[PDB]
C-alpha cells in the first residue's frame, strides 16, 4: 500500500467592493439580507430562542421579526422614492401660477406620505425588537455575536424626537393645504415654508424623520443579522470571515433546499451584503436623502481548505473487502477515521469526521480516497491507509482488525 496526496490546498478569496452610501444602494443590500432569509426559512440551532429553535426553522421562531424587518425595508424604499420627486417639485417663488397650486399640493401631499410610513417603520420596529430580541438587538457589550450592536436605540431615540417636531408643525401644513385646495401672497409664505420644510426633510440628517426612519430600517437588519446570523445553517464548505465592531474577527463555517438551510451561494450574498451594509453604516454613514452618495470600499473574505489522500493497492483488489484510514496524533495510538467496505462500498465515519470527512474509492483504479475539508489544527497527524482482504460481518473500525498498512504520510 502506497500513500499519495499533498499540499493541503488553501484558497482565500477577497472581494473588494467599491460602492456609494446612497440610501437606494444600502436598502438593496438590506433587502438582500431579509428577503433571502425570509423566503427560504433555514433551520437554526445566554440566548432565549436558541433552545426553542433548535431543529425547527427560523420563520416559526422569527416570522414576525422578518415581516416587520421586511416592511421597514419596503417602507424605507417607499421613503426614498417620495423624496426623489419632492426634490424636483419644490414650489418656485403673467398669471401661469397654477402649477404652483399642485406643486404645493404635491409637495404637501408627499410630505404627509413621508410621515405615515415613518410610523409604519417604528410600528414595525416595535414589532421587531419587542419579540425574542427584546434586550439583545438594542445593546452592545473572545467574540461579539448575539448582540445587535447596531446603535438602533440611538436611531429610534432621534426618530421619535424627529417625529414629535413634525407633529408640532402638522396643523400648519394641514391648513397650508386647505387654503391651497381653492382652485376656482399668503401662499407665497407656504412656498418658502414648504420649500423650507422640504429642504429640511430631504436634505437633513439628525433632524429629518425621513433620514432617521431609513437609518433605523438599515441598522435593524444589521443588528438582526448580528443577533442571530451565526445561528443560520448553510451548505462544498466555505469559511465566511466576519469581524465585530470591537475588533474580534470571527468566521462562519458552512442538503441545501427551502426550509432546511442556505446554499453557500445564498450565504455568499448575505455575507457580501452584510459586509457592505456594515461598512457603510459605521464609517461614512447613510448619505442625506437628496445626496448622490459617497464612494467607500467594503472587503468580503472567504476561505476553503482541502486535502486529498489517495491510497493505491499493489495486490489484487479490496473493493469487495475493506479499506480505511487511521490517524496517529503525535505520540498516541492509531485512531480510526473512515472506512469503505465490500463492493457496494458502504462508508463509516468517526466522531470528529462526520460532515467534514469523506471516503470514496475508484474500484477501477484500486485506489481509495480521503477528502478532507474544513481543516482544523486538531487534525494535523500521521494518516495511514489500511486494507483487509478477510471477510467480516460487522464493519471493522480498530487497528488490530486491518492487515495491510501504508508508510504513513504527514499532514499539517
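Residue numbers count along the first chain shown, from 1.
Problem - Residues of the deposited sequence left unbuilt between residue 345 and residue 344 - result: Going from residue 344 to residue 345, the model skips no residues of the deposited sequence.
Exercise for the section: Report, from the record, the number of residues in the deposited sequence between residue 159 and residue 160 that have no coordinates, as none, 1 to 3, 4 to 9, or 10 or more. Expected result: Unmodelled stretch: none, continuous chain.
Problem - 97-105 or 256-264, whichever carries the higher mean Cα B-factor - result: Between 97-105 and 256-264, it is 97-105 that shows the higher mean C-alpha B-factor.
Practice task
Name the higher of the two by mean Cα B-factor in the PDB entry, 119-127 versus 316-324.
Solution key: Per the PDB entry, the higher value belongs to 119-127.
Problem - Options 183, 233, 338, 280 - largest CA temperature factor per the record - result: Of 183, 233, 338, 280, 183 has the highest C-alpha B-factor.
Handout entry: Options 383, 62, 369, 348 - largest CA temperature factor per the record
Key = By C-alpha B-factor in the record, 62 ranks first.
Exercise for the section: Place residue 374 in the lowest, middle or highest third of its chain's C-alpha B-factors, as listed in the PDB entry. Expected result: Residue 374: CA B-factor falls in the middle third of its chain.
Handout entry: residue 166 - Cα temperature factor, lowest/middle/highest third of chain
Key = Highest third - that is where residue 166 ends up once the chain's C-alpha B-factors are sorted.
Problem - B-factor third for the C-alpha atom of residue 113 within its chain - result: Its C-alpha B-factor, which the entry lists for residue 113, ranks in the highest third among residues of this chain.
Practice task
Rank-wise, by C-alpha B-factor, drop residue 229 into the lowest, middle or highest third of its chain.
Solution key: For residue 229, whose C-alpha B-factor we compare with every modelled residue in the chain, the answer is the lowest third.
Exercise for the section: Going by the recorded CA B-factors, say which third of the chain residue 188 sits in, lowest, middle or highest. Expected result: For residue 188, whose C-alpha B-factor we compare with every modelled residue in the chain, the answer is the highest third.
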